[PDB]
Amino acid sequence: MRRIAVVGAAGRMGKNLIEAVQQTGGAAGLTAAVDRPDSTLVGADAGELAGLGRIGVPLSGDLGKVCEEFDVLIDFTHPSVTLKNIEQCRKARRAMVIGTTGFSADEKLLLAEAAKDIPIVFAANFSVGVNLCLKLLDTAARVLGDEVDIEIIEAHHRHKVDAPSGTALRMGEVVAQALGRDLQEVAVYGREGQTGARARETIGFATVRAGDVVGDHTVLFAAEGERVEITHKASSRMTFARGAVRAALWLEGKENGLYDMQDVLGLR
């Protein structure tokens, strides 16, 4: 089977990753789990810590002591940690799946550099469903062309501070690019009063903020006689964990390089 290590294992995503690894059924197995060296959770069973049954893998504090018991490392931590993990995995010639965000430009260049020596999957969004939708949106925009009005409707919980969501904006950009438009020029984010007849080129954003919604995204393509909607509904962050594990498996037998979920899903 595929031997998978998880670093940041005691974290929110790390716990989800442990779970998604066990849910592959002998395709993969957890062989290592690493968190902070100064963590009082060090020594505890990684399975128990994630709310699962006892797996038989203790939480350890140093990737170096276990750096040879795995085939691939999945990393959802913090840039300063991932850089150190990159170093150890590169030296040990082990593949990586990196979900950590917030890398600086210089920190990013290190990723491509390490990708000379090891195969890496690096993605800002590991959701299989979201990445699939991004491809479907490109196909739909190209087929439907300038016949349709395109509107992006999203809902998120009452605590979200940014609107529209990063995902909605990305969907907007996919559509804009497919139709040769500049999103920033044609985007509308609200409507109040006498707005007038809709321009065909407009990409409209209707944004709902309410309750505890994890994240709903719909792109509507509407013309006379018909509507097409492509919709993603998230219920938890397990979607990112499952996509990371898929990436970890996909990496088996792959040439050195820097890949993303479009590669993993065969959508590029």
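When you see a residue number, it is the position in the sequence shown, counting from 1.
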Open item on the list: If you take the mean CA temperature factor per stretch, which one wins between 237 to 245 and 25 to 33?
Closed with: 25 to 33
Task: Higher-B stretch (mean Cα B-factor, as the entry records it), 154 to 162 or 70 to 78 - done: 70 to 78
Task: Residue selected from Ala199, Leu52, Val214, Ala222 by maximal Cα B factor - done: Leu52
- [ ] Could you say which of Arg93, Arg191, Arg170, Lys135 has its CA atom at the highest B factor, as listed in the PDB entry?
- [x] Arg93
Task: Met1 by Cα B-factor - lowest, middle or highest third of the modelled chain - done: highest
TODO: Using the B-factors in the PDB entry, rank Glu107's C-alpha atom against the chain and give the third, lowest, middle or highest.
DONE: highest
- [ ] Would you check the entry's CA temperature factor for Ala140 and let me know if it's in the chain's lowest, middle or highest third?
- [x] lowest
- [ ] Comparing against every modelled residue in the chain, figure out the third that the C-alpha B-factor of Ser127 lands in (lowest, middle or highest).
- [x] lowest
Open item on the list: Using the temperature factors of the C-alpha atoms in this entry, rank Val175 within its chain: lowest, middle or highest third.
Closed with: lowest
